[PDB]
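Novice: this one's a deposited entry, sequence included:
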Amino acid sequence: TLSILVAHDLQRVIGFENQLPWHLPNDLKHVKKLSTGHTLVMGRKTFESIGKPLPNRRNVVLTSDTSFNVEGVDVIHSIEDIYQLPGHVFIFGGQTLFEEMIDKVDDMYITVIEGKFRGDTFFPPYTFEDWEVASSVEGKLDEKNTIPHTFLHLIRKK
Ligand SMILES: NC(=O)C1=CN([C@@H]2O[C@H](COP(=O)(O)OP(=O)(O)OC[C@H]3O[C@@H](n4cnc5c(N)ncnc54)[C@H](OP(=O)(O)O)[C@@H]3O)[C@@H](O)[C@H]2O)C=CC1
Ligand SMILES: COc1cc(Cc2cnc(N)nc2N)c2c(c1OC)O[C@H](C1CC1)C=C2
């Protein structure tokens, strides 16, 4: 499978100043669940944001930089390289990757953050005319997760 994995808010903000605008442990545990044992593909800036590879899965960074060679990370240098990765591949960010891949992926795992944040990076617009809701699960609120949020699994129609 080729999947998108993304959290975006009511206006499709994904980012601010190279960070997530929200603090939401549950969603990061969501990410852990989904992608552990599989492969994440991410652009260089996103990799730089996270700082190092995520444990217990394959980390692939897409970059133009041929100097790039990082302990625990596989480098690719074209979009086309994605399609030769074995396994369940998650497109993991950021704006540029999402824009490039959204028409290409089988399905999307979206966490809708039910707020409006200040952002400088965005998920591309999409229509539910194009995308079937395989599931929609309200995330649980509590002391440490205080933003309402919904896990969507969408699958391309037709
Ligand atoms: N909310 C969420 O689920 C997520 C949000 N984010 C947010 O997104 C923002 C980052 O997005 P964005 O600025 O687009 O950066 P990206 O993470 O998408 O990285 C951009 C870089 O990726 C490399 N790249 C992209 N496409 C190609 C290509 N076709 N060929 C070769 N290299 C390529 C380039 O690296 P280079 O210049 O080195 O060649 C490019 O500069 C951050 O604010 C982050 O917080 C990130 C992940 C998830
Ligand atoms: C841009 O910043 C992040 C993007 C992301 C990417 C990301 C976050 N959330 C969702 N739902 N999808 C995504 N693709 C993450 C993230 C980020 O900040 C650390 O944190 C954690 C990593 C283990 C430390 C996980 C994801």
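Specialist: Yes, it's here. Numbers count the residues shown, from 1 in each chain. Ligands and ions are numbered 1, 2, ... in the order given.

Novice: right, and residue 17 touches residue 120 too?
Specialist: Yes - with contact defined as C-beta atoms under 8 Å, residue 17 counts as touching residue 120 (6.8 Å). Backbone N, C-alpha and C define where each C-beta goes, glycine included.

Novice: can you give the contact residues for the lengthiest helix in the chain?
Specialist: In the chain, with assignment by DSSP state H, the single longest helix is helix 25-35. Here helix 25-35 makes contact (C-beta atoms under 8 Å, 6 or more residues apart in numbering) with 5, 7, 54, 57, 90, 92, 109, 111, 113, 139-140, 144-145, 149, 151.

Novice: parallel or antiparallel, list what pairs with the following helix or strand past it.
Specialist: Using DSSP states H and E, the next helix or strand after helix 25-35 towards the C-terminus is strand 39-43. The strands that strand 39-43 pairs with in its sheet are strand 58-62 (parallel), strand 89-91 (parallel) (by DSSP bridges).

Novice: who in this protein is up against ligand 1?
Specialist: With the criterion set to C-beta under 6 Å from any ligand atom, the chain comes near ligand 1 through 6-8, 14-15, 18-20, 42-46, 49, 62-65, 77-79, 93-97, 100, 121.
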